[PDB]
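Side-chain atoms are counted along with the backbone in the values below, which use heavy atoms only and exclude waters and symmetry mates. Counting begins at 1 with the first residue of the sequence. Counting starts at 1 for both ligands and their atoms, in listed order.
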Amino acid sequence: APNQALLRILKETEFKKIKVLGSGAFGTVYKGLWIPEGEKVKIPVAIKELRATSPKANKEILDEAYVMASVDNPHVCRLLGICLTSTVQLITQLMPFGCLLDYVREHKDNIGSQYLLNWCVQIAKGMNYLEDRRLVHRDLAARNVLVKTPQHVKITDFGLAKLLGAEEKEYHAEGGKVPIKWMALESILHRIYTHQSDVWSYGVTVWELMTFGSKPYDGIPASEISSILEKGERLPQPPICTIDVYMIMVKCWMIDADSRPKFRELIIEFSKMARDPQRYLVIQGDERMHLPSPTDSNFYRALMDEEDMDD
Ligand SMILES: CCC(=O)Nc1cc(Nc2nccc(-c3cn(C)c4ccccc34)n2)c(OC)cc1N(C)CCN(C)C
């Protein structure tokens with residue numbers, strides 16, 4: 001299975017940085033516009049620039065560019081290209097509403113059952129596509145899901161994503177700092193990562209959204225978590241979730257990895273629930289909340305722009 005994905009190299013004069021969005025260990029990510037020459041289009045883009053220019057930091061962002069260029073799905077983040085300047089720049093589709101964790105935290109009074117179940121469906125679809133590509137995410141969380149519109153979310157952060165060939169089932173890592181509260185038990189004990197460990201992290205992500213962004217195992221540090229899950233203890237039932245949804249989470253948290261649901265079945269179940277949302281999620285004032293949408297907005301002369309329609 002040859003990977004005939006196309007790596008597009010961008011000129012720095014083809015995109016303009018508008019503002020800074022966030023800086024930290026990764027570098028600094030900018031909100032900007034990509035204007036391919038002569039095409040009369042603009043594309044809202046996120047530009048991650050990574051300064052020191054350490055060789056390992058380069059190697060890692062180019063690995064991320066590889067993985068992001070090898071995926072094409074409506075619920076997986078779009079890689080547009082990279083710029084090979086003094087500091088390597090990573091250009092992706094701009095997600096104007098940010099990460100889903102911050103979104104559910106700062107909009108919890110306006111989020112209904114329909115949006116929650118639809119987010120679960122879309123995330124399950126993106127993960128099922130990643131499983132189709134035999135790709136293991138290893139870092140699925142509400143922080144690693146970005147919001148294009150309140151009606152459309154996409155999986156992101158492929159820094160730990162690992163591809164497998166046709167016959168291979170597991171991934172073994174070593175000495176890498178890991179999000180322990182989202183990991184399956186077999187990944188904590190033996191550093192084994194499969195698509196079913198991604199299902200476990202999917203269950204933790206669903207629990208995150210149903211609790212409107214509460215941190216799992218809030219008071220407990222990492223050390224106890226392993227044995228705590230060996231005792232049979234799991235995350236509690238969120239107050240808004242019927243037993244139908246909490247059962248899905250619990251099945252995602254089974255010790256036997258083959259007993260957990262598959263992402264296609266999660267798509268099916270959350271689809272059934274999404275057609276009658278308030279039968280499965282009880283939210284006070286659910287019945288008329290409004291979440292925003294684009295109003296042809298932002299700062300200047302945006303008469304010729306789009307993003308998921310540039311092919
Ligand atoms: C992480 C917090 C966040 O999401 N910031 C954010 C991001 C985007 N857009 C976007 N698109 C693609 C990638 C990224 C991105 C990828 N990485 C790895 C990042 C790291 C830091 C910051 C952004 C990114 N960000 C946005 O749209 C204009 C607005 C915001 N805010 C101002 C927040 C709003 N505040 C109320 C919550």
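- Few gaps surround NZ on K181; more than 12 heavy atoms of other groups in view lie less than 6.0 Å from it.
- Between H172 and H190, the ring centre distance reaches or exceeds 6.0 Å.
- When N128, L209, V206, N118 are each tested for a side chain to side chain contact (heavy atoms under 4.5 Å, CB included) with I123, only one passes: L209.
- Heavy atoms only, all atoms of each residue included: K169 and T194 are closest at O-CG2, 3.3 Å.
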Are there any protein N or O atoms under 3.5 Å from the N or O atoms of ligand 1? List them with distances, or say none.
unit_1	atom_1	unit_2	atom_2	d
ligand 1	4 (O)	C99	N	3.1
ligand 1	9 (N)	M95	O	2.7
ligand 1	11 (N)	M95	N	3.0
ligand 1	27 (O)	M95	O	3.3
ligand 1	27 (O)	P96	O	2.8

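- Judged by the 6.0 Å distance and 45° axis criteria, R234 is not positioned over the aromatic ring of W207.
- The existence of a salt bridge linking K154 and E307 is excluded, since no basic side-chain nitrogen approaches an acidic carboxylate oxygen closer than 4.0 Å.
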